[PDB]
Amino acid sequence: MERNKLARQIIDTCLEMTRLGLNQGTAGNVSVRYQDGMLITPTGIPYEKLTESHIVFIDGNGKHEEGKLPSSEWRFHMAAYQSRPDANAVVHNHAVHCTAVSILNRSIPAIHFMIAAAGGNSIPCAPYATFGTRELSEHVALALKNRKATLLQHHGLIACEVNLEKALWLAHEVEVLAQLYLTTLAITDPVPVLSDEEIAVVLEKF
């Protein structure tokens, strides 16, 4: 539970996201809850040139470490932590299927029972606002009130969970649900869904 271990895990999560096809280029950012704020990836540096010392600490007031530049999207990581006290890790990426659904501005409905992993019968899509702004942060905090993941219109995905391993797992599951949704929407609209009654049973079972 010390900084160098948590930074190591952040880096490993970045690399694994790229392995899984969820992150291309420099698009993702990952953070963990730490002391009074968080540890987050820096802006600009390619994932594969990332060393432990590159990880940035931002306190609870938004002041970041001396000599480092945090991800340009750090504000919605801090909004996630303040909106969901149980969240200890946040994964953000621009995964292609999730992002295509965000362009249509649709929520993902209950086309598969694994949608319950995010907390309910849907994956919401928060309205567009310029990256890095307060307005974006507010939409995100509202979307995560009762869901562990949300799409961001014309942008990508945010997933949060109790640790990095589970946050990555959820993010990967939402990209699969997005891919299922787009593949079936091309054939039929609307796509068959499971009823609220059936999702209620699955949620209890989880």
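One rule holds for the numbers: they count along the sequence shown, beginning at 1.
task = State which stretch shows the higher mean Cα B factor in the entry: 52 to 60 or 165 to 173.
result = Stretch with the higher mean C-alpha B-factor: 52 to 60.
query = With respect to the recorded C-alpha B factors, which stretch has the higher mean value, 40 to 48 or 148 to 156?
reply = Of 148 to 156 and 40 to 48, the stretch with the higher C-alpha B-factor average is 40 to 48.
query = Which one of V32, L69, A141, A178 shows the biggest C-alpha B-factor in the PDB entry?
reply = That would be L69.
query = Sorting the chain's CA B-factors, does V193 end up in the lowest, middle or highest third?
reply = Middle third of the chain for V193's C-alpha B-factor.
ask   = Which third of the chain holds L185 when residues are ordered by C-alpha B factor: lowest, middle or highest?
value = For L185, the deposited C-alpha B-factor lands in the middle third.
ask   = Within this chain, which third does the Cα B-factor at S107 fall in: lowest, middle or highest?
value = It falls in the bottom third of the chain.
task = Ordered by C-alpha B-factor within the chain, which third holds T130? Give me lowest, middle or highest, please.
result = Middle third.
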